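Below is one structure, written out as structure tokens, with a few remarks after it.
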Amino acid sequence: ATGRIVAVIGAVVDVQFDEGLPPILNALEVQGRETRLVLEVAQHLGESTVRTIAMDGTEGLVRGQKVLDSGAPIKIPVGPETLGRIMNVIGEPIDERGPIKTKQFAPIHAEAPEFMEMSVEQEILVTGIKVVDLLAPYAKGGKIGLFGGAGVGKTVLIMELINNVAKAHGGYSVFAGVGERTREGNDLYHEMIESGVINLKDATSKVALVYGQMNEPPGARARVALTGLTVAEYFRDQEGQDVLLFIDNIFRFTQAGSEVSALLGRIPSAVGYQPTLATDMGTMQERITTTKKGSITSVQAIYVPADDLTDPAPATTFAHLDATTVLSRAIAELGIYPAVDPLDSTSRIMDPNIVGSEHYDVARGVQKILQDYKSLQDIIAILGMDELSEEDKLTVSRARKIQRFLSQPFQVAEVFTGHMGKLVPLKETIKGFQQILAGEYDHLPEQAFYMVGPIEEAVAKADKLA
Amino acid sequence: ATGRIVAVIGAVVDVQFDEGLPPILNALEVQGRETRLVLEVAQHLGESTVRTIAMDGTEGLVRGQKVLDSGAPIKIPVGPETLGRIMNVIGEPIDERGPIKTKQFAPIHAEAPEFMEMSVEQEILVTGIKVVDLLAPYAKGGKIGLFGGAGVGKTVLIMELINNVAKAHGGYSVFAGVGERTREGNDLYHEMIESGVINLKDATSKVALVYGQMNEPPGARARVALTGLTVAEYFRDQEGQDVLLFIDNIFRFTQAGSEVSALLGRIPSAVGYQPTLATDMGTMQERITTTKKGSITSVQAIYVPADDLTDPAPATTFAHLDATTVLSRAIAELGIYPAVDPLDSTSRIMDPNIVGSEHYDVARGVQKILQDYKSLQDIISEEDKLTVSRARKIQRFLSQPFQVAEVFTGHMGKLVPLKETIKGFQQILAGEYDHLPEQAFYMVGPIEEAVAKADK
Amino acid sequence: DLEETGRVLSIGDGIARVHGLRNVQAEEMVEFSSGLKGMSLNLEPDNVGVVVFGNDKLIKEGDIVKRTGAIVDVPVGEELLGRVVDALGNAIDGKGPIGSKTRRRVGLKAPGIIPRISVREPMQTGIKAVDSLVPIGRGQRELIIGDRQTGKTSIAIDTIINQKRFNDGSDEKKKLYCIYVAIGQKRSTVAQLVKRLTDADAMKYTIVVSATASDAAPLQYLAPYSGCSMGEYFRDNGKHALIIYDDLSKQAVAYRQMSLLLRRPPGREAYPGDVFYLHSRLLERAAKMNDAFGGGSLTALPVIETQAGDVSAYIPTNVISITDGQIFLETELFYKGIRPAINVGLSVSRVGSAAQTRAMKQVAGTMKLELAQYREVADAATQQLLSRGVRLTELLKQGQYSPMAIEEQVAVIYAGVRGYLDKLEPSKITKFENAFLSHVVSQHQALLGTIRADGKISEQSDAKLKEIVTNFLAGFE
Amino acid sequence: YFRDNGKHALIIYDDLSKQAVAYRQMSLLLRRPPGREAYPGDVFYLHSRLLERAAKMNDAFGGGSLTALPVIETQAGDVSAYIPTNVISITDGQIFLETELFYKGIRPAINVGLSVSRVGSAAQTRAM
Amino acid sequence: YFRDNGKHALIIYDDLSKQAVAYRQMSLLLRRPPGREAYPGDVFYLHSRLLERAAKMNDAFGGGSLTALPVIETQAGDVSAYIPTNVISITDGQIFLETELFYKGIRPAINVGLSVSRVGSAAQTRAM
Amino acid sequence: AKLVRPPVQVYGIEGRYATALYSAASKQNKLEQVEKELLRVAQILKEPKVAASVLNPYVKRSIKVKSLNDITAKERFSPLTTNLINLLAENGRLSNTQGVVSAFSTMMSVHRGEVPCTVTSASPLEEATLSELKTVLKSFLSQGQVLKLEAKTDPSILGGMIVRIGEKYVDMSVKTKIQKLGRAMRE
Amino acid sequence: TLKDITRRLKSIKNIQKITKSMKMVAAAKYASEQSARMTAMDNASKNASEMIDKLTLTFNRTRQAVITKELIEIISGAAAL
Ligand SMILES: Nc1ncnc2c1ncn2[C@@H]1O[C@H](COP(=O)(O)OP(=O)(O)OP(=O)(O)O)[C@@H](O)[C@H]1O
Ligand SMILES: Nc1ncnc2c1ncn2[C@@H]1O[C@H](COP(=O)(O)OP(=O)(O)O)[C@@H](O)[C@H]1O
Ligand SMILES: [Mg+2]
Ligand SMILES: [Mg+2]
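Here you go:
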């Protein structure tokens, strides 16, 4: 079927077909373009007209231009031939190494796994970060979400999880960049080339990359997450592997939906967001799940507008995640890094029957003492430190020591801090926090715990203080 | 061009023209009324219809009433014959003294001067007021936020600025009463008549008034500031002077703009202010500048809604303010007049690259000694008492007898130039007058008169 | 004719509905009969919504609107250097017509992943605080964020002035062409800034795009893109370009106005839903191109004004999430006389530590660590730490319009962090540094020249520096 | 009428907030674009053109007078609302009553610190 | 069904905030007029005609009952929003959970101060 | 392009198309022709066949406008009427046609000077007094008018007569009389 | 939240003026420990005052946000017709 263009509003194009009106979610090609421009059908406006979301820039479009229905959704090449490449939203390789010669193509729109396919195994995933492993431990196959405002350390944390987990990984790995810095994508591509994970000369690459970044129009930013999902879904279903899916950033999917919903003629909901925010996020996030035919461990960065953690987008995302790590700016401005908030991060495996009663008691004690210190904050601020109880002074000292200890230097953060990155096993973390709780270090200065590895390095630094 | 009123909704009138639509911002005269009612065009609605805001009340308008296009924006009469007179948003004399017999008119909607007409160096405007010239100088061609309201001698400071600028620089002044209470408008009119600023009997008046009061439709309260600015623009361009333009109040100008937009049905922005808040304020303020002919220096009374400086209206007018003059009531209770707060009054030309290293050094020294004086007064020794003595003498020397008050206290008027102010505060800070009594500086001119009074 | 011509149906709200133009393209520059120009924004089944690049007053209903056939573009090239143009590339300095022969679309896309390469070359700002603790490399996006009247435009002007020592040299690989886009500032401010740059003789390699406060909101919304295209020209030809958007808060305000006069759903603080894309597509075009594309780069210094020091607002956080760092200018620090009032505790450059020279790194790692200790403390050692930190913060203070070469800065920071000032009075460090620099530029041109050429501090140069600063310090007060 | 024919009147609007509410309903039902708190764009115009008619004339016009005492009913001291802010901006002062003073024994519960008269001393006999 | 056959049931909606969000999407897409937080006008009707079906029948109808435990998620403890106030005003008492009590070691983190049971002691065994 | 507005105005899309056709006809002097052909094409579009066809919301716009152009072109339409038809059609405003025609008819009801006036009384009148009343209410008119009487009868006014001539309105009925009596005797 | 912000700001105002009263009382009883109490309560009052300024900034921010949100609700409810 061949239609013509009757309306162009930014990234939303209304096209009127004569006969053969394409169903919803089909891909359309615009004729007369230097590069490929795909329009995805979103509505049927009646009178043989449909509304579409463009997948690239829409400048130079003229009313009356031809459009050919492809007869199928946006299909992207899937398979092992996609490892070590970089594709955009519509599946074209943008790494300038030639076409992706894979055998089959999959559509980016698919139905979420059913109920009887869901798997409920909850083995722990040791990352090597003290705060994450202590208070909000991740799980294999679970969904991880890294909340945080602008400039608090989401990207550094994702690079650390790629360094600690995506390197020692057995299965495959997908990284879908959704509306973020392009130089970060270039740096990741080259840092993966050098480390042998992406191997440009033979067929032993272990990572596939999809990239629609913050320079792309809202259609590409809205559907590149779905493209990455499609790649990971192939690696999970058709090969039974264990996949890792790093999404950064997934708030841009909702934000692009919001940027297009104004033009699609819809009444705005709360905070200007689209009325279909929750169901869009649901039909996206329900595909990112570990079935019983495979497993997908997902780490999704999640921006937080104006540091508002009650904004509809993160507040809706919270329900979709198995473990949340909420970075805080009030903590990053204390110099603590990672800026994880120990009193806002949760996990579904923080249960004494899973992580062991000992790990559970340690985590709960840390959280309780930090919460008591947070309650004392105002008194300490106004009436000074010297008007507290002796037990309260003990808890304040221990809690500040625990605050410093929860920080840790990263192997990827050495470039702009110098310190050597540490990787603290779970046992060392549990032991060190048992010891700080028991008060076995109330003689060292708190400054000894700032930016160290395990507790041995803490006491070594405390000695070096003299 | 003759059109006809097709719709009346409060202060918004839709007028349909058969041929020859008027461009946006033109003035239209409603025919067949007892008093002149001018509609200003705001949109072209289509079908040869335009939408307009009324400058006066719309009681007694009928659909189909004739309307005449004037072919130009609201043209007010400009000239030196405007001095001492009062006019409204459309230039009609509301002082009941007959027509304003000028030779030329001017549209209130003009463009800001070109880039090639600006002055490339900032220079100080000497107001002859010691505290204003020392601690918070006024930039020639800049905007000054005048804080503080009642009981702090604000109108006295206004009249003294008018008088000093007229005597020293030979440039007149305009006073735009945007959103005035009519009681306070009349009070200010009569105070200006008494203090000689206005002269109802000869041709030697110093200020021209323009009033749009609190009880006019929002279009009038929005455009009265442009009317006053047009009078001042004439004085700057065609006379080549250093004009002053007082704007009381500017928050009421912002509010009139917000109301005008809300009447036209535009979607409101943040905190309810018009979507075009920044551009309204910009197209107003970018006319108050220095050119290769003269200059316009604007003093604007700033009201801060809910005492919040992050509110969009202050935050938007602050971007254009080059200086600040804070009148405090505590500094008034201490008998200091002008009651200008010395530490809170700031400036943007207090810069050695502009005022020179000498002036900047003396002013920084005075600021430092006053700050340390407050620090010491927190307590209530060796030289702390010497700083206290010099700071008390500084406080006393900041005061000054205003000529606009000669009729009250009999004391003479003192217009202290910049050189003698600099030198006097330099000598008071150098310690040259550590022996004179602190009361020998209260209400004096230069330091010479201070030592003269110290004799007695 | 209703295919290359239209009639204005309805003007008002800064948008002109036009009937006709069946052959117009999206984002095409149409021309009104008033002499004005505009962009074809909305193409609807019966009318075309055109954004007007000027005053609506100049347009009546029924005016004929011709199309140019070109997507909105600006004239680029080296003929712009030393010219003050408006957001449409027209000379507003009365120096004749812009002799440009090439044009570039303002709405282009940023280079992808492959055409880029990591930032490696230094971009010398001339400010000790920036060059030492917040290093900026060619190809970065460093955000200058702070309150009103805290020193942002002054930092940008100091950078543009500092590039003079390179733009007179020999190797075309170190030269940097500067562009200063002014978005909603007072026009007198821009005139005085142009004069200040003409005195410092930094106009011969600078362009100034001015969409001031009295220009229509579409002009303030378009000016950043005109500037970024004038910079992309240099970037795509192996040359290096710096660009300063001063500032982006006022462009965001202009875009919010344009969006509300178009009746689009306002979001947080009444901002449109796409006030992020607005900036992102603009700041992603500042990139470092690899050698297979020319080796050129484009550095962006976006400026952001915060209200009451609040950095967690909407637009500030957007730009923090777009750029590659920030430079926090505090107002309390600016009040106490610290100038430039850079909060070195919150300022950061994620991709700059790979752009410092060897010598500046040698001194600046040390300096950063002692300043970190000094800041976290505020015993017998912590008193030494506070003393050294006070001396170093007094060493970071700097004049205005006097940027320092890299060798002078590394020499000063060396004299500072090597302990040779631990006995002097804090209030005298400034004059000590001034006199020290005068002495070193007088009697130590060879040491400075070899630190420059080497880009590093060898042990011979280290010893020379030690005995030089000790000879000067002994012969001091 | 009295004010213009030489006599001295006094008028108490009890109260202006409910007149504003009535105008708001009228404007919303006449399909006029709402503003802050749903009030029309010109409720300040309403109250200011009502209140500026309370003047004090001169001997060349009759010497009459018309004192207005507009009343405003806030909600928990909320003088930062829309209509209270407008009427405070238009008037020549205020008399702030309180519920805390009304309970702590002060009746009339006039708050002396917040209350003000911009004319003040000019409107008193010499003894007072 | 169980309520009408002498048997006792207990239903738990988890939660009603998401049902209200789904209904708000359906309404805003059907072009119905939005209210607070863009919710439709009759979401209170939506929750009330559901929660009123929980009743205790008398012995002339079998004696069966139906207990309901609706769940509500507030944003940062804002129980003054639209849907939280609706469902609080509908039900017979709340069970407030806090996160500061949850991290102070109090688990279940029930805030006993704000938790009400309008039925009260009539819903307890004698000993308890 | 200057337009000639009719003496009375109709609004909505109805009135917009009506005044567009009025001006397009008065610019080439075909008011009567387009008027009669409008009423006849309204009769044509109300025959159940095409009257049903024309509102069916899925019939293609191009196919339906060409079908209607075929059907109208056989009556020997002048170009202005078929232009109006094709404009209403490709603009999808066909269901409004008759309404527009009605407007246009009433349009001409003012071009000929036809002033509609009602004289309603208790019970139907005999045409001797009705003729002298035609004379009486034709007396107030100006130069060059024709009048249209539409009298209706209602015993609810229980006497008198009501003359609603255009916008002028005299109520000499005994109902208003007794209401005046009551309001006066109570006040 | 506007009301919770007023709650916390009233709490801090309470303890602020409490330490003010206790400072002036301990300064009355100053005619060693009493002088220390005077200075400590002075510092506590200045701390509570700076916290009051912080809370006032936050309160003004939240007030602007609330007004903007209610305006958006009103205009989006009116614009659906
Ligand atoms: N390092 C400095 N030394 C001396 N003066 C300085 C310094 N930095 C800034 N200033 C002064 O502070 C004043 C304001 O600084 P500047 O205008 O450059 O920053 P800004 O943030 O752009 O201000 P605005 O918000 O008005 O645009 C200037 O007049 C300048 O002279
Ligand atoms: N582990 C860390 N150590 C030190 N600084 C860090 C660390 N993580 C983040 N940061 C700080 O955050 C900045 C980058 O964080 P990033 O993840 O890129 O922010 P965003 O959430 O916007 O992506 C760095 O410049 C650094 O200053
Ligand atoms: Mg990130
Ligand atoms: Mg600036």
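Protein chains in written order, with the authors' numbering: chain F, 12 to 477; chain E, 12 to 391, 400 to 475; chain B, 24 to 401, 411 to 509; chain A, 256 to 383; chain C, 256 to 383; chain O, 2 to 188; chain G, 2 to 32, 223 to 272. Ideal placement from N, C-alpha and C gives every residue a C-beta, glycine not left out.
Which word fits residue i, buried or exposed, when buried means at least 16 other C-beta atoms lie within 10 angstroms of its C-beta?
i               : result
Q388 of chain E : exposed
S370 of chain A : exposed
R106 of chain B : buried
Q311 of chain F : buried
Rounded to whole angstroms, how far is the Cβ of residue i from the Cβ of residue j, which I believe are closer than 8 Å?
i                      : j               : result
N70 of chain B         : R40 of chain B  : 5 Å
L220 of chain E        : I97 of chain E  : 4 Å
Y294 of chain A        : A275 of chain A : 7 Å
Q280 of chain C        : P363 of chain F : Not a contact, Cβ separation roughly 39 Å.
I393 of chain F        : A28 of chain G  : Their Cβ separation, rounded to whole angstroms, is 19 Å, which puts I393 of chain F and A28 of chain G out of contact at 8 Å.
residue 567 of chain B : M52 of chain B  : Chain B is shown from 24 up to 509; residue 567 of chain B falls before or after that span and cannot be answered.
Once DSSP output is grouped into helix, strand and coil, what is the label at residue i?
i                      : result
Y12 of chain O         : coil
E270 of chain F        : helix
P325 of chain F        : helix
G169 of chain B        : strand
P117 of chain O        : strand
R45 of chain B         : coil
residue 250 of chain C : Chain C is shown only over 256 to 383; residue 250 of chain C falls outside these bounds and no answer can be derived.
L156 of chain B        : helix
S303 of chain A        : helix
Considering just the uninterrupted stretch of the alpha helix (DSSP H) at residue i, what are its terminal residues?
i               : result
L448 of chain F : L437 to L448
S282 of chain A : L271 to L284
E393 of chain B : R381 to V400
| Beta carbon nearer than 6 Å to a non-hydrogen atom of ligand 3 | Having a Cβ closer than 6 Å to some heavy atom of ligand 3 are F:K165, F:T166, F:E191, F:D259, F:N260 and F:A312.
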